[PDB]
């Protein structure tokens, strides 16, 4: 397939070829044009707070070691020995000043440097140029309020610029709340879906909630319970949708601070969020204080998603076109009481973890939609994302980004897939930028 020419996503992001969820050649191409190019979630300060602390993480199909340096910075390196290519670290987290290879015993520092080679003097003499044999380093590692992302491409925009108009919506919860912590370790489960299936669902899909999650809505008696079985549509002005240049987007459901949590947590949460909102009104203004305590369903392009307030934090780690390894963490506000943090973390896993009853509602939808992308009569068929098209705006005086001023629509799908198509058809960041110079105009056509 010629990715320069093939129209995988139609103009304005209105539709996508179903093969994108099934084609293995395209998957291999995404490794280059999506995963090797863009910012990918690694970890949180809270998980590697002290010098020597490390975790392993995936970046695409690659595995990296992410380590807190003595100077307080974080560096990340391929988890691959520079000698004969053995995986260096076989655990998920720890504290160490270095990593020794179990094959021939080469020792690398927490800073990636080749520090020791067994019997170097007797074997290599002065011949081994250890300065040139450091672990292959992730070019870019940056933080968004403690959330650490990496990018293999030195040419990428800074992470803040990459978040584009989405950053404005995240900052009330990520910054102005006093900051968040990630509660680990994550749940980890393989699903037989393409990574884009859950990514698109979290970025933009409020339409599915009443029907897909009918049973979870009815059973948990969470705050959004009125939607069960499409019994009710949220009121006018119940929320909005947004998207951005580099593909990140989210839905906003006003005031839903207890999110998916069952009635057991609703009162405490609604009290806690409302109290903080009252304080934030004076600091960031009423609208942004309200956004703080509003439920955001977001994807940070390409494959990191979250539900703020619910506190669900996801990585859709790609394995092949119909296989994804799902990592699920909980996010909590640092100034919450410790007992509430514990209960909130358990509730995140109860609803969206490995045995998450809400997440389970999505399995067949994601898996079958992905697998159908391999079926001969569906490859060239068009997946539709036209809901709300011709009603989006850009440059609004209050809400930035390409915005649909309705709680339910497909605005965020269109922005996600516009960015996706621009990357797949581009050889580098300069080409993506050229392909995106009229991004918002394309999305707001009629």
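Positions refer to the first chain, counted from 1.
Regarding 384-392 and 28-36, which shows the higher C-alpha temperature factor on average in the entry? Taking the mean C-alpha B-factor of 384-392 and of 28-36, the larger value falls to 384-392.
Can you tell me which stretch has the higher mean Cα B-factor, 351-359 or 219-227? Looking at the record's C-alpha B-factors, the answer is 219-227.
69, 421, 378, 411, ranked by C-alpha B-factor: the highest one: Checking the PDB record, the top C-alpha B-factor among 69, 421, 378, 411 is at 69.
Among 200, 283, 325, 346, which residue carries the highest C-alpha B-factor recorded in the PDB entry? If I rank 200, 283, 325, 346 by C-alpha B-factor, first place goes to 283.
Comparing against every modelled residue in the chain, figure out the third that the C-alpha B-factor of residue 178 lands in (lowest, middle or highest). Highest third of the chain for residue 178's C-alpha B-factor.
Mind checking which third residue 307 falls in for C-alpha B-factor across the chain? Lowest third.
Consider only the C-alpha atoms of the modelled residues in this chain, order them by B-factor as the entry records it, and name the third containing residue 234: lowest, middle or highest. Highest third - that is where residue 234 ends up once the chain's C-alpha B-factors are sorted.
Thinking about Cα B factors across the chain, which third does residue 44 belong to? Middle third.
Hey, what third does residue 51 fall into on Cα B-factor, ranked over its chain? Ranked within chain, residue 51 CA B lands in the highest tercile.
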